[PDB]
Amino acid sequence: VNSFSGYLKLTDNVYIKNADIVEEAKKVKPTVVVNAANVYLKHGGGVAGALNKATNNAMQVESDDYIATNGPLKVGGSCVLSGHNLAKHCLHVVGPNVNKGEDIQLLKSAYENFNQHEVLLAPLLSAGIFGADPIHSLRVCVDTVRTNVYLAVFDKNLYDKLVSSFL
Ligand SMILES: N#C[C@@]1(c2ccc3c(N)ncnn23)O[C@H](COP(=O)(O)OP(=O)(O)OC[C@H]2O[C@@H](O)[C@H](O)[C@@H]2O)[C@@H](O)[C@H]1O
């Protein structure tokens with residue numbers, strides 16, 4: 001459980017690896033995997049779609065029940081649902097959609113949700129379909145999260161760019 005290997009250490013508590021988050025989940029057996037979600041938990045073409053496909057759509061069905069019962073999340077908020085076959089829990093976190101003009105300051109609130117869990121496998125929030133500057137997302141993570149976060153960045157071009165400017 002929580003057996004993370006091959007990650008580069010960025011700070012005392014933040015680590016990064018060039019990998020698919022789904023493949024990492026199957027190897028590391030994490031207590032918590034983080035999804036980069038929207039307020040409707042409608043799992044689209046990035047990390048959310050990859051995680052969902054790996055559960056054979058069970059994540060989406062559970063998400064449909066959560067949303068019908070509780071209504072949409074707020075931007076910067078989160079909820080904990082099952083991790084199905086990938087993890088004990090999935091922490092669904094909503095970063096701001098910068099492509100739709102949502103406030104970038106909400107990325108700090110988004111990463112604050114990680115602080116409620118001792119160890120997480122996670123993606124870089126808002127850095128794909130939501131269009132935020134990935135260098136900013138990584139630095140906000142580093143400056144906000146105090147628990148142990150292992151970031152899986154599937155895009156090798158981006159991984160190399162983040163590592164080169166960070167170290
Ligand atoms: N690298 C990388 C990626 C990425 C893509 C696929 C994978 C993978 N299999 N393993 C690891 N990483 N990874 O991880 C980052 C997050 O990008 P992502 O688009 O998921 O999140 P976001 O918060 O921007 O947008 C939320 C909306 O996207 C809908 O999926 C969802 O339902 C919401 O509507 C980007 O750098 C992205 O290139």
Side-chain angles (χ1 to χ4, degrees), residues 16-117 119-141 144-145 147 149-159 162:
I16 194 170
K17 186 177 186 183
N18 174 214
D20 171 11
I21 194 170
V22 173
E23 294 298 306
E24 279 302 297
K26 284 187 281 206
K27 289 167 184 172
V28 315
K29 316 304 198 181
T31 300
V32 181
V33 67
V34 175
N35 181 31
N38 58 58
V39 297
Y40 305 112
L41 306 185
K42 186 66 163 45
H43 304 305
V47 164
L51 295 168
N52 182 53
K53 177 182 182 77
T55 71
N56 194 31
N57 210 46
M59 179 174 288
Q60 186 62 79
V61 173
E62 182 194 25
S63 293
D64 290 348
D65 291 334
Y66 172 90
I67 293 293
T69 292
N70 300 108
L73 290 178
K74 297 189 165 46
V75 181
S78 74
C79 66
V80 175
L81 289 175
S82 180
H84 302 276
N85 49 311
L86 300 175
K88 192 177 192 196
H89 309 283
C90 178
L91 179 70
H92 296 270
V93 178
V94 183
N97 187 346
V98 173
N99 282 327
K100 292 178 189 179
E102 299 184 342
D103 291 344
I104 192 59
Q105 302 85 347
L106 293 167
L107 198 50
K108 183 163 198 72
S109 303
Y111 279 113
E112 286 176 344
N113 296 282
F114 289 24
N115 282 330
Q116 203 169 117
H117 301 282
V119 182
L120 313 91
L121 174 60
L124 199 62
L125 304 178
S126 291
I129 288 164
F130 280 178
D133 173 5
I135 285 67
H136 184 68
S137 188
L138 178 57
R139 184 65 65 175
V140 172
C141 181
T144 303
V145 180
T147 55
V149 56
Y150 293 85
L151 292 168
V153 177
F154 179 67
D155 173 350
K156 184 171 181 299
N157 268 325
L158 177 60
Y159 173 87
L162 294 165

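We count residues from 1, following the sequence as given. Note that these values count all heavy atoms, side chains included, but never hydrogens, waters or copies made by symmetry.
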Let me see the working for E112 and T144 under side-chain contact (heavy atoms from CB on, under 4.5 Å), right down to the final yes or no.
CA-CA 6 Å; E112 286 176 344; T144 303; 3.5 Å; yes

Please determine whether side-chain contact (heavy atoms from CB on, under 4.5 Å) holds for the pair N97 and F130, giving the CA-CA distance in whole Å, both sets of side-chain angles, and the decisive distance to 0.1 Å.
CA-CA 4 Å; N97 187 346; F130 280 178; 3.3 Å; yes

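To the nearest 0.5 angstrom, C79 atom SG is 5.0 Å from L73 atom CG. Between the CD1 atom in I104 and the OG atom in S126 there is a gap of 6.0 Å [rounded to 0.5 Å]. Rounding to the nearest 0.5 angstrom, the gap separating the CG atom in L51 from the NE2 atom in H84 is 10.0 Å. For the atom pair CG (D65) and CD1 (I67), the distance works out to 10.5 Å, reported to the nearest 0.5 Å. Atom CE of residue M59 and atom CG of residue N56 lie 12.0 Å apart, to the nearest 0.5 angstrom. Atom CG of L120 sits about 10.0 Å away from atom CG of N113, to the nearest 0.5 Å.
Within 6.0 Å of NZ in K108 there are more than 12 heavy atoms belonging to other residues, nucleotides or ligands. By the 6.0 Å contact criterion, CG on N115 is enclosed, its count of non-hydrogen atoms from other residues, nucleotides or ligands being greater than 12. Within 6.0 Å of CD on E23 lie more than 12 heavy atoms contributed by other residues, nucleotides or ligands.
Of the possible donor and acceptor atoms, one in the side chain of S137 sits under 3.5 Å from a partner among the backbone N and O of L125.
Within the 4.5 Å cutoff, side-chain heavy atoms of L91 are placed close to those of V80. Between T147 and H117, the closest side-chain pair of non-hydrogen atoms is not below 4.5 Å. The closest side-chain heavy-atom distance from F154 to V22 is not below 4.5 Å. Looking only at side-chain heavy atoms (C-beta outward), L107 and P96 come within less than 4.5 Å of each other. With a 4.5 Å cut-off on side-chain heavy atoms, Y150 and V119 count as touching. Two residues are said to be in side-chain contact when any heavy atoms from C-beta on lie closer than 4.5 Å; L162 and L151 fail this criterion. The side-chain heavy atoms of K26 and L86, taken from C-beta on, include a pair separated by under 4.5 Å.
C90 and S82 make their closest contact through CB-O, 3.5 Å (heavy atoms, listed as atom of the first residue, atom of the second, distance). What you find for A25 and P30 is that their closest heavy atoms are O-CD, 3.4 Å. Scanning both residues, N52 and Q60, for their nearest heavy atoms gives OD1-N, 2.9 Å. Taking all atoms of both residues into account, the shortest heavy-atom contact from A122 to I21 is C-CD1, 3.7 Å.
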Considering only distance and modelled atom types, tabulate donor-acceptor pairs under 3.5 Å from the side chains of residues 32-42, sequence neighbours left out.
unit_1	atom_1	unit_2	atom_2	d
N35	OD1	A48	N	3.4
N35	ND2	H43	ND1	3.4
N35	ND2	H92	ND1	3.1
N38	OD1	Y40	N	2.9
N38	OD1	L41	N	3.1
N38	OD1	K42	N	3.2
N38	ND2	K42	O	2.9

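For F114, the ring-ring contact (aromatic ring centres under 6.0 Å, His included) criterion is met by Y111, not counting sequence neighbours. Residues that satisfy the side chain to side chain contact (heavy atoms under 4.5 Å, CB included) test with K27, not counting sequence neighbours, are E24.
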